[PDB]
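Read off the chains here:
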Amino acid sequence: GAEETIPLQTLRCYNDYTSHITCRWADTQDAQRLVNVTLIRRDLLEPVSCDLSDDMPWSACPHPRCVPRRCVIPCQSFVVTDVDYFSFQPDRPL
Amino acid sequence: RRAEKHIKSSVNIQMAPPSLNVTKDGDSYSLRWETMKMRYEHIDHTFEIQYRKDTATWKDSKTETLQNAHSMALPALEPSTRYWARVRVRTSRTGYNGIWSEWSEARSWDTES
Amino acid sequence: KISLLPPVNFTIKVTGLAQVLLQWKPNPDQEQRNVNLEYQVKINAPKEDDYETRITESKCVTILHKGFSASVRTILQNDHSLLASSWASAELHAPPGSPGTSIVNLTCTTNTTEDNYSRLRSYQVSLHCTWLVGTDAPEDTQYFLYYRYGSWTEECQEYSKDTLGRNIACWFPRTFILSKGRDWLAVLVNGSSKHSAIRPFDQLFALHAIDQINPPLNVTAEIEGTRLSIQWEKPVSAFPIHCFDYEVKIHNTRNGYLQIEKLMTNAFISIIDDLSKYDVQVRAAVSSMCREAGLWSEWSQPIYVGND
Amino acid sequence: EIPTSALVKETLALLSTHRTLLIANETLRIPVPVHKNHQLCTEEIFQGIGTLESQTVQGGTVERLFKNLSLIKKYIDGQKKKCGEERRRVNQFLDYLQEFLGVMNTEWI
Amino acid sequence: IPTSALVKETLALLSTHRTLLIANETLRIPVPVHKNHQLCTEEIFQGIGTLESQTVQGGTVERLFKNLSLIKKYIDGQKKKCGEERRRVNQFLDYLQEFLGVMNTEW
Ligand SMILES: *[C@@H]1O[C@H](CO)[C@@H](O)[C@H](O)[C@H]1NC(C)=O
Ligand SMILES: *[C@@H]1O[C@H](CO)[C@@H](O)[C@H](O)[C@H]1NC(C)=O
Ligand SMILES: *[C@@H]1O[C@H](CO)[C@@H](O)[C@H](O)[C@H]1NC(C)=O
Ligand SMILES: *[C@@H]1O[C@H](CO)[C@@H](O)[C@H](O)[C@H]1NC(C)=O
Ligand SMILES: *[C@@H]1O[C@H](CO)[C@@H](O)[C@H](O)[C@H]1NC(C)=O
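This brings us to the overall build of chain E. A count of helical and extended segments in chain E gives five helices and one strand. Going from the N terminus to the C terminus, chain E shows its helices and strands as α-α-β-α-α-α. The globule rule puts the C-alpha radius of gyration for 107 residues at 13 Å, and the 18 Å found for chain E is more than 25% above it. By principal-axis analysis of the C-alpha atoms, chain E measures approximately 55 × 30 × 20 Å. Within chain E, buried positions represent 49% of all 107 residues. Taking contacts inside chain E between residues at least 6 apart in sequence as the whole, the part at least 24 apart equals 67%. Accessible surface, chain E: about 5000 Å² in total, of which carbon and sulfur atoms supply 48%. With 14 positive and 12 negative side-chain charges, chain E shows a spacing of 2 Å between the two charge centroids.

So this is what it looks like as structure tokens:
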């Protein structure tokens with residue numbers, strides 16, 4: 001199989017079903033020095049802004065130098081037929 | 001292939017923390033909590049509400065689980081000791097699941113002498 | 001130029017209580033091209049409405065005490081503009097009688113009872129209609145109430161009387177009104193007299209607006225240390241268990257604390273004092289989810305739990 | 001001439017009369033629904049009726065049974081035509097949708 | 001996806017976003033004369049398709065139309081369950097008598 005990226009493993013997106021989606025994930029300090037990543041949620045593609053958070057991700061991180069982040073996504077409403085696709089895309093190209 | 005994670009809004013609901021108010025009726029106390037109104041009123045809510053003495057920790061706090069309720073009376077409390085309480089809420093209807101909301105702000109009250 | 005011509009033989013015939021069935025026929029002198037003609041109908045009085053109809057007939061429910069007036073015109077739907085002919089109209093007059101003699105405050109209420117005899121229909125709807133006599137009505141006015149639902153029409157037999165012998169209220173103990181039905185219930189109240197005729201009064205009652213949900217029965221509640229559990233049964237109605245809202249009213253007879261909790265389930269669990277007496281009541285109603293919101297059920301009988 | 005309320009009783013009696021004359025074939029295979037609320041499979045029902053008439057011998061009570069079947073099919077055809085004869089405003093159609101989904105909730109669970 | 005919650009949310013949104021659906025005032029939609037919704041769900045959903053073809057494309061109206069489309073998929077599923085199956089004709093006549101009794105009594 002394909003070893004999942006640490007941002008995907010550490011990602012947990014939850015909802016209040018009224019106005020916003022809260023997402024928390026993490027990466028590795030060794031990963032930041034080579035390739036910066038940005039969360040993308042998708043209509044067409046839509047990058048989502050995030051802010052550094054020290055509140056610890058909802059899932060534990062498998063490295064001792066993990067850097068966690070938190071994201072807030074404002075959308076007007078939710079239905080039961082909603083499936084949200086979250087992916088991580090390297091900013092600079094390899 | 002691009003590795004993507006599937007997150008469903010229906011089965012990942014984390015509601016806003018409730019607001020807990022304390023009312024002194026007669027010589028007893030009661031706790032009332034309110035939640036942010038959904039666009040749909042048919043999604044059930046389960047509330048876990050804890051109260052503890054000021055000298056005790058939250059691990060030894062009395063916990064009560066209520067479904068779709070918005071108030072309990074509290075039992076006879078020892079006089080002249082500070083009391084704290086708080087509440088969280090989650091969805092409990094089939095087709096809508098999630099993790100517990102964050103603990104509500106602790107509310108304190110002093111029992112009369 | 002394509003000049004559409006109005007339909008002819010447009011007549012409005014009263015086919016039942018608070019119905020009129022409109023009919024037209026295409027004009028013989030119209031050019032008979034393969035064009036798919038359609039028709040537009042306008043209800044002018046009393047409730048204004050208009051609709052598009054392909055066939056030469058349409059049934060519209062409406063109150064007939066104020067008279068009826070309808071207009072129809074032949075139309076042809078092109079890709080850019082809607083061509084229409086001259087309007088053709090017909091009207092149904094108001095019934096005769098001196099003004100103010102008609103009834104007022106006609107309020108009709110529908111109950112539901114468990115029909116334990118018929119293996120097909122388990123639930124039965126009973127109708128109670130009340131009204132006040134007219135201001136200028138003669139002392140010997142004889143009012144007769146009629147109700148209709150679907151294609152069923154009936155006349156009342158069990159009435160209520162004042163000191164002068166006139167008819168105030170009626171009670172149908174057995175009606176063909178479907179408990180889960182979602183059609184208009186027409187009620188017509190006309191009468192007769194030897195001094196001056198009385199104008200009728202008909203009114204279309206929505207089933208939801210006039211259906212009084214019964215209170216739920218068997219509301220039990222038990223103390224267990226500090227915990228209360230309250231459960232009951234669905235109220236008698238052809239709607240199933242999942243189509244009812246509820247609230248529970250818990251009052252403390254010692255301090256006065258009162259809790260109202262609306263819920264969709266059939267049981268409620270609460271924590272209260274172990275040194276106080278409590279009373280519990282519940283109400284019910286058909287959810288707006290299943291049927292448009294209606295009148296709420298009355299309070300259930302008090303149940304007294306705990307000790308003081 | 002018959003109205004549209006006793007044709008069902010007529011058909012039921014006639015069908016109960018002649019079961020074995022109508023299930024004679026073994027290789028003939030025709031569709032049958034499995035879902036409840038039979039309101040939605042009338043077209044398939046009368047398709048099976050037409051195939052059965054095309055196979056069963058037209059003699060005796062069976063002929064009048066199938067004529068009655070056509071006559072009762074005509075009523076559902078008229079109702080299906082009635083579903084699209086009239087066009088109304090948006091608000092009335094939205095109320096119709098509210099009633100439709102209320103039905104979808106009270107039945108059609 | 002629980003269809004009960006699906007229809008319930010669809011009705012709640014339909015009540016909420018009504019005025020956006022009557023945004024304009026002249027379009028006509030197929031409306032059955034009678035009150036047998038189940039028989040004419042096909043024409044009802046054709047009218048839904050027309051409203052989809054002519055309405056402000058965005059907001060929560062397009063989000064409600066998603067639930068309506070899924071309900072239409074359910075309706076088409078139990079359309080197709082009628083046919084494309086098998087039987088020895090005897091239980092077909094059983095089914096026919098069942099339908100006859102249903103439409104005689106309940107209608
Ligand atoms: C329409 O009304 C006229 C009245 O003169 C009548 O002769 C005719 O038979 C009616 N019907 C048609 C189809 O013209
Ligand atoms: C009719 O109903 C209204 C509703 O409040 C009431 O005020 C009025 O007095 C009633 N008229 C009669 C004659 O009962
Ligand atoms: C009242 O209305 C009924 C409708 O069924 C009608 O038959 C009757 O002649 C009218 N008048 C009286 C006095 O009943
Ligand atoms: C309530 O309890 C009584 C006694 O156990 C029982 O006979 C009855 O069927 C129950 N239900 C109702 C609706 O009365
Ligand atoms: C819908 O409303 C728009 C906005 O005014 C109008 O231009 C259009 O003609 C309307 N369409 C129909 C079919 O009524």
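There is more to say, and it comes next.
Right, let's talk about the pairing of strand β20 (residues 258-263) of chain C for a bit. Residue and element names in this part refer to chain C. Burial of β20 is one-sided: the residues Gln 259, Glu 261 and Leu 263 facing one way are buried, the residues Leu 258, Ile 260 and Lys 262 facing the other way are not. Pairing geometry for strand β19 (residues 244-252) and β20, over six bridges, is antiparallel. Note on β20: the bridge partner recorded for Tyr 246 is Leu 263. Joining the antiparallel neighbours β19 and β20 is a turn of five residues, in which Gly 256 adopts a positive phi near 100 degrees.

The subject of this paragraph is the site of ligand 5. All names here are of chain E. Taken together, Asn 24, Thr 26, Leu 27 and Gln 54 make up the full set of residues near ligand 5. For ligand 5, the protein covers 38% of the area, taking 370 Å² as the surface of the free molecule. The residue makeup of the shell around ligand 5, split by class, is one nonpolar, three polar and no charged.

Let us look at helix α3 (residues 41-53) of chain E. Here α3 of chain E is 13 residues long and its end C-alpha atoms lie 18 Å apart, about the 18 Å a rise of 1.5 Å per residue gives. Looking at α3 of chain E, one finds that the buried residues are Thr 41, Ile 44, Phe 45, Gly 47, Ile 48 and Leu 51 of chain E. The buried residues of α3 of chain E occupy an angular sector of 150 degrees when the element is viewed end-on, so they sit on one face. Away from its buried face, by an angle of more than 90 degrees, α3 of chain E presents the exposed residues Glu 42 and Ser 53 of chain E. In this structure, the buried side of α3 of chain E is in contact with α5 (90-106) of chain D together with α2 (18-21), β1 (29-30) and α4 (61-80) of chain E.

Below, the discussion takes up the site of ligand 3. Residues and elements named next belong to chain C. As a structural note, the neighbourhood of ligand 3 is formed by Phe 144, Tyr 146, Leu 188, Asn 190 and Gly 191. Within the contact set of ligand 3, an oxygen atom lies 3.3 Å away from a side-chain nitrogen or oxygen of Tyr 146. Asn 190 places a side-chain nitrogen or oxygen 2.3 Å from an oxygen atom of ligand 3. Protein contact buries 56% of the 360 Å² of open area that ligand 3 shows by itself. Split by residue class, the shell around ligand 3 holds three nonpolar, two polar and no charged.

This part is about the layout of surface pockets. Residue and element names in this part refer to chain C. Here the second largest pocket defines a volume of roughly 1100 Å³. Among the elements that take part in the lining of the second largest pocket, β20 stands out by supplying six residues, more than any other. Residues belonging to the lining of the second largest pocket are distributed by class as follows: 13 nonpolar, 14 polar and nine charged.

A few words now on the interface of chain D and chain E. Listed per partner, the contact involves 63 residues of chain D and 57 residues of chain E. Where chain D abuts chain E, roughly 6600 Å² becomes buried across the two surfaces, and 69% of that area is made up of carbon and sulfur atoms. It is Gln 39, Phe 93 and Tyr 96 of chain D in chain D that bury the most area against chain E; as a group they hold 11% of the surface buried on that side. On inspection of chain D and its partner chain E, the count reaches four salt bridges. Our count for the contact surface shared by chain D and chain E stands at 15 residue pairs in polar contact. If you list the elements that add at least two residues to the side of chain D that touches chain E, you get α1 (7-17), α2 (19-22), α3 (42-55), α4 (61-82), β1 (86-88) and α5 of chain D. Tallied by class, the residues present in the side of chain D that touches chain E amount to 33 nonpolar, 15 polar and 15 charged. Across two bridges, β1 of chain D lies against β1 of chain E in antiparallel orientation. By the bridge assignment for β1 of chain E, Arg 88 of chain D is matched with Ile 29 of chain E.

Thresholds, definitions, all that
Counting of residues restarts from 1 for each chain and follows the sequence as written, so the numbers need not equal those of the entry; residues with no coordinates are not shown. All chains are assigned letters beginning at A, and all ligands numbers beginning at 1, according to the order in which they are written. To get the side-chain values, take all heavy atoms of the structure and skip hydrogens and water. In DSSP terms, a helix is any run of H or I states spanning at least four residues, a strand is any run of E spanning at least two, and both are numbered starting from the N terminus. The quantity called the radius of gyration is restricted to C-alpha atoms. Its globule counterpart is 2.2 Å times the number of residues to the power 0.38. Type-normalised accessible area, obtained with a 1.4 Å probe on protein chains alone, sets the label of each residue: buried when under 20%, exposed when over 50%, and partly exposed for intermediate values. Note on contacts: a residue pair is in contact if any heavy atoms of the two residues lie within 4.5 Å. Method for areas: the Shrake-Rupley scheme with a 1.4 Å probe, in which residue coverage is limited to the protein chains shown. Counting rule applied: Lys, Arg positive; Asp, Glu negative; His and chain ends not counted. By convention, charge coordinates are those of NZ in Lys, CZ in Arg, CG in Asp, or CD in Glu. Strands are treated as partners if at least two bridges between them are detected by DSSP. Near, as used in this document, describes a residue that has one of its heavy atoms within 4 Å of the molecule or strand being considered. Note that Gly is not counted as nonpolar here; it falls among the polar residues with everything else outside the nonpolar set of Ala, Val, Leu, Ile, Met, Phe, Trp, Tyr, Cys and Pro and the charged set of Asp, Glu, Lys and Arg. Expected helix span is computed as 1.5 Å times (number of residues minus one). Each direction from the helix axis to a C-beta atom contributes to the arc, which is the arc of those directions. N or O atoms within 3.5 Å of each other form a polar contact, as long as, within protein, one can give a hydrogen and the other can take it, and as long as residues adjacent in sequence are counted only when both atoms are side-chain atoms. In this analysis, the protein atoms alone were mapped onto a 1 Å grid. Cavities are point sets where a 1.4 Å probe fits without being able to get out; pockets are open sets with protein on both sides within 12 Å along at least five of seven lines; lining residues have an atom within 4 Å of a point. Grid points are joined across faces, edges and corners, and a volume is the space filled by probe spheres set on the points. As used here, buried area is the combined drop in accessible area, with a 1.4 Å probe, of two parts when they are placed together. The term salt bridge refers to a side-chain nitrogen of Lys or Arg lying within 4 Å of a carboxyl oxygen of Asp or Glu.

Everything listed here is a matter of coordinates, which is why it stays silent on function.
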